[PDB]
Amino acid sequence: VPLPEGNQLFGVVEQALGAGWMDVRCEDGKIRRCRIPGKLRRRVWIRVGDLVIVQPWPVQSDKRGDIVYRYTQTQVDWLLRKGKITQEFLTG
RNA sequence: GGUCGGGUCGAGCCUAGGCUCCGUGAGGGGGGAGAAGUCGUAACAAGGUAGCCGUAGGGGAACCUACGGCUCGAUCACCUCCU
Ligand SMILES: [Mg+2]
Ligand SMILES: [Mg+2]
Ligand SMILES: [Mg+2]
């Protein structure tokens, strides 16, 4: 239901680097080493290959970012019906 | 007081050599935190091959093997020496 705002955009989880760090491919072609904020790190489990909202850092907004929201399967289908996400983006 | 000659002292300046300090720096090396991406299970009980010290060789990694040593080693049988 929430949508990206400003620098926020859609991303796909690619690899888990441990220590609360993730690898996420964005919808423009940049692989970013993102950090999981503690507020949502203690509530929601996240696996490899999920759609999330990536907010770039105010400094060096090219390789580092944060993950601020994750969607569910029903939300993924709803976005697919709306026309905001495509099969190519899911499959990379 | 000017000019020339002689003797002596002399800050500074140039060249060469030798030590030493500060700023960068391609590349290499371990150390400390973090939390988990990964492969195993070396230690604590006889931890499932008792553990550890010295020296030497080998192995993805904890580690393994040989010679001499210590008890900071468990259980059973026998023997020895004491109170
Ligand atoms: Mg063991
Ligand atoms: Mg052992
Ligand atoms: Mg060997």
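Here is the naming used below: chain letters follow the sequence lines, and residue numbers restart at 1 for every chain. What you see below is based on every heavy atom in this structure, not just the backbone, and it leaves out hydrogens, waters and symmetry mates.
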Next on the checklist: Give me each pair satisfying side-chain hydrogen bond (donor to acceptor under 3.5 Å, both in side chains) with a member in residues 31-51 of chain A, each pair once, sequence neighbours excluded.
Outcome noted: none

Checklist entry - With rounding to whole Å, what would you report as the distance between B:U41 and B:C64 at their P atoms? => result 13 Å

Checklist entry - With rounding to whole Å, what would you report as the distance between B:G6 and B:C13 at their P atoms? => result 28 Å

Checklist entry - Can you tell me the Watson-Crick or wobble partner of B:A33, both distances under 3.5 angstrom? => result none

Checklist outcome for this item: Going by torsion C1'-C2'-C3'-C4' being positive (north) or negative (south), B:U71 has its sugar south

Item to check | For B:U49, the sugar region implied by its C1'-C2'-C3'-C4' torsion sign | outcome: south

Next on the checklist: Rounding to an integer number of angstrom, what distance separates B:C78 and B:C52 when you compare their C1' atoms?
Outcome noted: 30 Å

Item to check | Ring-centre distance below 5.5 Å and interplanar angle below 30°, B:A62 vs B:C63 | outcome: no

Item to check | Complement of B:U24, any strand, by Watson-Crick or G-U distances under 3.5 angstrom | outcome: none

Item to check | Derivation of the side chain to side chain contact (heavy atoms under 4.5 Å, CB included) call for A:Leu51 and A:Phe89 | outcome: CA-CA 10 Å; A:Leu51 175 60; A:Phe89 177 77; 3.5 Å; yes

Next on the checklist: Side-chain heavy atoms nearer than 4.5 Å, only ILVMFWY residues, links allowed to pass through others: does that put A:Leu17 and A:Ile31 together?
Outcome noted: no

Checklist entry - Does a Watson-Crick or G-U wobble pair link B:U75 to B:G7, with each of the two distances under 3.5 Å? => result no

Checklist entry - Applying ring pair (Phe, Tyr, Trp, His ring centres under 6.0 Å), which residue pairs with at least one partner in residues 48-69 of chain A are found, sequence neighbours left out? => result A:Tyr69-A:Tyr71

Checklist entry - In terms of hydrophobic clustering (I, L, V, M, F, W, Y; side-chain heavy atoms under 4.5 Å; direct or indirect links), are A:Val76 and A:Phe10 co-clustered? => result yes

Checklist entry - Which other residues end up in the same hydrophobic cluster as A:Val52, if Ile, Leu, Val, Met, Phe, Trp and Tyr are linked when side-chain heavy atoms come under 4.5 Å apart? => result A:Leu9, A:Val13, A:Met22, A:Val24, A:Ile36, A:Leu40, A:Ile46, A:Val54, A:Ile67

Item to check | From CG (A:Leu3) to CD (A:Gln8), nearest 0.5 Å | outcome: 10.0 Å

Item to check | Pairing between B:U71 and B:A50, Watson-Crick or wobble, both under 3.5 Å | outcome: yes

Next on the checklist: Is B:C70 base-paired with B:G12, counting Watson-Crick or G-U wobble geometry with both distances under 3.5 Å?
Outcome noted: no

Checklist entry - Between B:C67 and B:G54, is there Watson-Crick or G-U wobble pairing, both distances under 3.5 Å? => result yes

Checklist entry - Just checking, are the bases of B:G47 and B:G48 stacked by our 5.5 Å, 30° definition for the six-membered rings? => result no

Item to check | B:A46: north vs south, judged on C1'-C2'-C3'-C4' | outcome: south

Item to check | Adjacent bases B:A35, B:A36 meet stacking criteria of 5.5 Å and 30° | outcome: yes

Checklist entry - Based on the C1'-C2'-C3'-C4' dihedral, does B:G47 have a north or a south sugar? => result south

Item to check | RNA chain B-proximal residues of residues 11-24 of chain A, any heavy atom under 4.0 Å | outcome: A:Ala16, A:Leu17, A:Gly18, A:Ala19, A:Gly20

Checklist entry - How far apart are the C-alpha atoms of A:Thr72 and A:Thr74, what are their side-chain angles, what is the distance that settles it, and do they pass the side chain to side chain contact (heavy atoms under 4.5 Å, CB included) test? => result CA-CA 6 Å; A:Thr72 61; A:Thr74 57; 3.2 Å; yes

Checklist entry - Which value, in whole Å, describes the distance between the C1' atoms of nucleotides B:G47 and B:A42? => result 11 Å

Next on the checklist: Would you say the bases of B:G57 and B:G58 stack, taking the criterion to be ring centres below 5.5 Å apart together with planes below 30 degrees?
Outcome noted: yes

Checklist entry - Does anyone know the first and last nucleotide of RNA chain B in reach of chain A, 5' to 3', at under 4.0 angstrom to a heavy atom? => result B:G34 to B:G37

Checklist entry - When the P atoms of B:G37 and B:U65 are considered, how many whole Å apart are they? => result 34 Å

Checklist outcome for this item: In this structure, CD of A:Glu14 is separated from SG of A:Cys26 (nearest 0.5 Å) by 11.5 Å

Checklist outcome for this item: From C1'-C2'-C3'-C4' (positive north, negative south), B:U24 puckers north

Item to check | side-chain hydrogen bond (donor to acceptor under 3.5 Å, both in side chains): pairs with one or both residues in residues 21-31 of chain A, sequence neighbours excluded | outcome: none

Next on the checklist: Taking any heavy-atom pair under 4.0 Å as a contact, classify A:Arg35: base, sugar-phosphate, or nothing.
Outcome noted: nothing

Checklist entry - Does the pair B:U71 and B:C72 meet both stacking conditions, six-membered ring centres under 5.5 angstrom and ring planes under 30°? => result no

Checklist entry - Taking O4'-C1'-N9-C4 for purines and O4'-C1'-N1-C2 for pyrimidines, is B:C52 syn (within 90° of 0) or anti? => result anti

Checklist entry - To the nearest 0.5 Å, what is the distance between CD1 (A:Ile53) and SG (A:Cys34)? => result 12.5 Å

Item to check | Integer angstrom distance from the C1' of B:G57 to that of B:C39 | outcome: 26 Å

Next on the checklist: Between B:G51 and B:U80, how far apart are the two P atoms, rounded to whole Å?
Outcome noted: 33 Å

Item to check | Gap in Å between the two P atoms, one belonging to B:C63 and one to B:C44, rounded | outcome: 11 Å

